[PDB]
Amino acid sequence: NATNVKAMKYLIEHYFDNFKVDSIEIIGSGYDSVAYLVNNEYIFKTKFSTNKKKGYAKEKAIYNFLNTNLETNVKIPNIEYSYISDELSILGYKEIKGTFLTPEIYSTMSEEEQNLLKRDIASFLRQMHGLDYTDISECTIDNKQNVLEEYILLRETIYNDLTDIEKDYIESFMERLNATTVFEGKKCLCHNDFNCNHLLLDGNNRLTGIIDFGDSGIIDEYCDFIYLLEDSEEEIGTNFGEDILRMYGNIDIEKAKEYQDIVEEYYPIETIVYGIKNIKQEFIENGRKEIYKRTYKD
């Protein structure tokens, strides 16, 4: 543990001239990033070379755009330190204080506390989704087209070595992708990883902060409801997302659920593709296995 922290202490002090690290600890870990709490006050997110060679650049541009244009009491990261290069990216900002939303916390809230939280979320999303996004217009994301390009990569690499069951799962997904209309609706700036782990509560269980806009972009409006609609141990439940969708208004709830269901079906394939692109066999294997688990559940 001690070594990462020393290297990152050194890099922070090298790239940010008058910054002094008096303490530093690991506060979280993606698959190709690490986040550090520094001086009990700053979050420093860091990444070395990956497939998204313009990744902390876009995230920074999004924080800048949102801090300029949103009118909200909800806090988001405000970037004070940045170093962006092919081989290394670092973003630093003051830690937003609060407690992450969890199923457990939610279930201790009164009905009225739950409603206020859902209203806060709906309000935040209505405001972000309504922003004129001309100034960040390079941050477009076309999920349907990305899937098509990922399927072509599969065809060019490992598809022919897959089993029939794996191939059928993929083709069956592609058929559904080609029949769906859920990519043809409203586009807007979305957080795009909007789940419990990114939502902070204050001491009254109201929404006080939102973090990790690392996958944000201009994309289908439905994107931001996918995790709020998820029925799993890590998320609150389908009821929660439905109620939020009703409060948000002016959105087709059945298509939001179809969008969620298609992204969920894609997940094993997304996992395999991640493995191909980043030369990690473990992910290719996990995705293929997941296909068998899903095929045999019913």
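Note that residue numbering follows the sequence shown and begins at 1.
**Student:** Taking the recorded C-alpha temperature factors, which stretch has the higher mean, 188-196 or 153-161?
**Tutor:** On average, C-alpha B-factors are higher across 153-161.
**Student:** Per the entry, where is the mean C-alpha temperature factor higher: 120-128 or 94-102?
**Tutor:** Mean B over CA atoms: larger for 94-102.
**Student:** Out of 260, 238, 271, 46, which residue has the highest Cα temperature factor in the PDB record?
**Tutor:** Answer for 260, 238, 271, 46: 238, with the highest C-alpha B-factor.
**Student:** Please work out which residue in 113, 221, 168, 138 has the highest C-alpha B-factor recorded for this crystal structure.
**Tutor:** Of the options given, 138 has the highest CA B-factor in the PDB entry.
**Student:** When the deposited Cα B-factors of this chain's modelled residues are ordered and cut into thirds, is residue 265 in the lowest, the middle or the highest one?
**Tutor:** Lowest third - that is where residue 265 ends up once the chain's C-alpha B-factors are sorted.
**Student:** What third of the chain, by the recorded C-alpha B-factor, contains residue 146?
**Tutor:** Middle third, going by the recorded CA B-factors of the chain.
**Student:** If you rank the chain by CA B-factor, which third does residue 70 end up in: lowest, middle or highest?
**Tutor:** Its C-alpha B-factor belongs to the highest third of this chain's values.
**Student:** Consider only the C-alpha atoms of the modelled residues in this chain, order them by B-factor as the entry records it, and name the third containing residue 89: lowest, middle or highest.
**Tutor:** Its C-alpha B-factor, which the entry lists for residue 89, ranks in the middle third among residues of this chain.
**Student:** Taking the values exactly as deposited, rank residue 244 by C-alpha B-factor within its chain and report the matching third: lowest, middle or highest.
**Tutor:** Within its chain, residue 244 is a lowest-third residue by C-alpha B-factor, going by the deposited values.
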